[PDB]
Amino acid sequence: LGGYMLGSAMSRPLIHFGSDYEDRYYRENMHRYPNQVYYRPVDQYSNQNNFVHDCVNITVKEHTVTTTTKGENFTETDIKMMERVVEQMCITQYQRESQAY
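Here it is, written out as structure tokens:
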């Protein structure tokens, strides 16, 4: 990608979404979401939020490319859970890249 790095795989985390249905849906579907994130070096962003917003958009978009090719879709529920998953990973990624400065 255009100046994009790829972080290492992270463990899939148990995330609670607050309702019995969403909790079950996520547990049944979490393996279909990213377990690594695309990002740019920290100096390419004015602040953490900018870094994190971009990392999430790129990561989801590119993951929404590989599963489309595989024949599958993402529901609205999927995209919302995925964006919450990816945002946690993107922050973790920033933390690494950050505390080294």
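Counted the way the working numbering counts, the sequence shown spans residues 3 to 103. Ideal placement from N, C-alpha and C gives every residue a C-beta, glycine not left out.
Residue i vs residue j beta-carbon contact at 9 Å
i     : j     : result
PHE76 : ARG26 : no
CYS57 : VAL87 : no
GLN38 : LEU3  : no
7 Å Cβ shell around residue i - same chain, five flanking residues per side excluded
i     : result
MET32 : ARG14
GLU85 : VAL58 and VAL62
Rounded Cβ spacing between residue i and residue j (contact assumed at less than 8 Å)
i     : j     : result
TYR40 : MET83 : Going by Cβ atoms, the distance from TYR40 to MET83 rounds to 19 Å, so no, they are not a contact pair.
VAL44 : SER10 : Going by Cβ atoms, the distance from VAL44 to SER10 rounds to 17 Å, so no, they are not a contact pair.
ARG42 : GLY5  : 5 Å
8 Å CB neighbourhood of residue i in its chain, flanking five on each side removed
i     : result
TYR47 : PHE53 and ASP56
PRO36 : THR61, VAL62, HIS65, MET84, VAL87, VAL88 and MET91
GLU24 : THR79 and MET83
For residue j and residue i, the rounded distance between their alpha carbons
i      : j     : result
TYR103 : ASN49 : 14 Å
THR69  : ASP80 : 12 Å
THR71  : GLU30 : 21 Å
Close-in-space but distant-in-sequence residues of the same chain around residue i (CB under 6 Å, 5 per side omitted)
i     : result
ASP22 : none
The stretch 90 to 97 in contact with the stretch 37 to 56 per 3-pair CB rule at 8 Å: With a cut-off of 8 Å, the stretch 37 to 56 and the stretch 90 to 97 count as touching, because enough Cβ pairs lie within range.
Taking 8 Å as the threshold, find out whether the stretch 60 to 73 comes into contact with the stretch 12 to 23 through three or more Cβ pairs. Pairwise C-beta distances place the stretch 60 to 73 out of contact with the stretch 12 to 23, as fewer than three of them are shorter than 8 Å.
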